[PDB]
Each structure stands twice: as C-alpha cells, then as structure tokens.
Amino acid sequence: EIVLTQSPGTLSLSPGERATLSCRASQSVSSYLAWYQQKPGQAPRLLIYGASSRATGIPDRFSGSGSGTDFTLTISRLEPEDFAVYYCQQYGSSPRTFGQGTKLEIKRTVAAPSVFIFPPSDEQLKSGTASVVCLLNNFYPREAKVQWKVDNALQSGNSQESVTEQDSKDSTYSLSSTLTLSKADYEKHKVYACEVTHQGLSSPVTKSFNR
C-alpha cells in the first residue's frame, strides 16, 4: 500500500486570505492524485484531478500543484463556506488510498457566548433521572471552559459536551454541556450553576437556578 500524509492536520484562516494545503506520499505517483472537499454532513466533492486539473463547476481560486510525491492545494480569496475537510487521494497503484484530511476553519471577530441554563423537565424527573443543560450560543473562538458548580462545589465526571459545526453565515460555534444525575442525587443539592470562561468575556459568566 501507499500511505498519504497531509499537513497541517488542521488550519485556521480569515476570509479573503490564501490557504496552502500539503500532501506527501510514501512513493511517487506521478500526477495520479486528486483532491476532495467534504463539508460537514455532505459527501466529498471533487476539486482537482491529475494534481493540476479543476473539475467542472469549480471556481478558479482553487488550484492544485506538484507531482511525484509532493502535492499542494492552493485556495485563494477564502470565503466562509470554504470550511471543510480536504482529502488527497492517489490512484498510481492499487489499492487506492486517501489522506487523513485537513480540517480548515474560517476565522472571524471574537464573539461572546450567550449563556443559558435549563433545569430538568418535570416529566423527566418522574422517570428517575435528571439532566441539566448549559448552552453556549453563537460564540467564537471555539475554545471555551465550561465548569459545573453545584452548591459551589465543582462537579466532574458526570457531564458530556457537544459542539456544533461552524455556522455557514456568521461562522459561530454553539456548545452544550449536559449534566446527568439520578433523581435521588439531583435532590441532594439546591443551587445548580454553570460557569463559562471564554476569550470574549471580561470575567466568567455564571448562570444558575435553585431547585
């Protein structure tokens, strides 16, 4: 087999700038290479074939280069919709192999998250389990610290986090942290609080409710 290595593993640039993506192979493939763009939730789209030729319907700003075992994908005048994972695939010899991809996100101005906390529903509380949700809505950058404090005690090990993909228009992120407790454990405490630490906040923001 032939192993394709892509660098960087991830990349982060603002709109209007130029992106340079790399792809190296175990052996020379002599232009038998292609590039694909896979946006979240969608199938890969062919961009470059033959390491130089653009597919139909592809803007000229996408450019492929290189030969042998050195290959480069150049993307100029970036736009917010260009966030995707980019793969390189070789067809020089069988079996055909892909790279591990390059995650490319779109930068923007730093945005402060809007923090909301949801107490568990009464219908859920009758089933023996409780879930407390903290919402971080429309923020950038993605890095943010979420700490669960119950009666001012830092709670760990019973929460899971999910973060959405970059928005297509404003390139913002959204994050949810779900604290899961049994009904008996939920009623052992009074104040449930969510503390959010982010670059766009002067001081951490705390949203809390009393059971």
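All residue numbers are counted from 1 along the displayed sequence.
Chemist: Given the B-factors recorded for C-alpha atoms, which segment has the greater mean, 49 to 57 or 161 to 169?
Modeler: 161 to 169 has the higher mean C-alpha B-factor.
Chemist: Can you tell me whether 111 to 119 has a higher mean C-alpha B factor than 97 to 105 in this record, or the other way round?
Modeler: Mean CA B-factor is higher for 111 to 119.
Chemist: Would you mind checking where the Cα B-factor of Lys149 ranks among the modelled residues of its chain, as the lowest, middle or highest third?
Modeler: Lowest third.
Chemist: Relative to the other modelled residues in the chain, which third contains the C-alpha temperature factor of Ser127: lowest, middle or highest?
Modeler: Highest third of the chain for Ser127's C-alpha B-factor.
Chemist: Hey, what third does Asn137 fall into on Cα B-factor, ranked over its chain?
Modeler: Highest third, going by the recorded CA B-factors of the chain.
Chemist: C-alpha B factor of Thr74, ranked within the chain: lowest, middle or highest third?
Modeler: Its C-alpha B-factor, which the entry lists for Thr74, ranks in the middle third among residues of this chain.
Chemist: Taking the C-alpha B-factors as the PDB entry records them, is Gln27 in the lowest, middle or highest third of its chain?
Modeler: According to the entry, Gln27 has a C-alpha B-factor in the chain's highest third.
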